[PDB]
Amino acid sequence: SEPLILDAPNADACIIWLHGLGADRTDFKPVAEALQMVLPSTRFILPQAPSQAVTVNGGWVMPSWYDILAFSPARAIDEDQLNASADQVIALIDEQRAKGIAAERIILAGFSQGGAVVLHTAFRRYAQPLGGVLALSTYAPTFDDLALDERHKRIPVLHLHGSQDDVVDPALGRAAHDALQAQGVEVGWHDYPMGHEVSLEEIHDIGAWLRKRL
């Protein structure tokens, strides 16, 4: 399926938001529309993860950005599929730049599995530094090989997590934040008394963070 696209009048920025394991591209549409109120000239692109087999679940096929081989180590993933997903994101970024949107005004966002993809895209693969990353209830298994040059250190990041998350451990979420911090990246952290989900308070905080950068 193609990406859901929420255009904006005279769009001068773009947010590419990825859903989590097994979800649908429409999952974050209400979130995107809420944020468009905050950012009236920002376009939102919500891609759909392809349906593939997910080992850790019994091999069943469902929307997945990359195969997860075990519950532990979190690092046990199919990195080739992860890179294919990262390439799908890079293709969307390339398209927006070709349309005139500055790279500095393209921000990636992801919830859980989708968050691991955007963190990987921005900090391990895409050469041109982006305007920022939103990482919700997620983790970054490939940050074990994080090796930033000065230009990528300029990418701001906001990490969000439910302190009661029973799917992605808040500690794995903090570990991604800590790895970037250790490498000179400007990072923010906000947790909430909730589980593996999204809350309106969380969306208000994200809007304020974005308003400061767009």
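One rule holds for the numbers: they count along the sequence shown, beginning at 1.
- Query: On average, which has the higher Cα B-factor in the deposited entry, 97-105 or 129-137?
  - Reply: Here the higher of the two C-alpha B-factor means belongs to 97-105.
- Query: In this PDB entry, which of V31, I68, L46, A171 has the top CA B-factor?
  - Reply: Among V31, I68, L46, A171, the PDB entry lists the largest C-alpha B-factor for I68.
- Query: Reading the B-factor column of the entry, which of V157, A176, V61, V56 has the highest value at its C-alpha atom?
  - Reply: The C-alpha B-factor peaks, among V157, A176, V61, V56, at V56.
- Message: Which third, lowest, middle or highest, does the C-alpha temperature factor of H19 belong to within its own chain?
- Response: Lowest third of the chain for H19's C-alpha B-factor.
- Message: Test of reading the entry: by CA B factor among the chain's modelled residues, which third contains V38?
- Response: Middle third, going by the recorded CA B-factors of the chain.
- In terms of the CA temperature factor given in the entry, to which third of its chain does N83 belong: lowest, middle or highest? It falls in the middle third of the chain.
- If you rank every modelled residue in this chain by C-alpha B factor, which third holds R151: lowest, middle or highest? Ranked within chain, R151 CA B lands in the highest tercile.
- Looking at the entry's B-factor column for C-alpha atoms only, identify whether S72 ranks in the lowest, middle or highest third of its chain. Highest third, going by the recorded CA B-factors of the chain.
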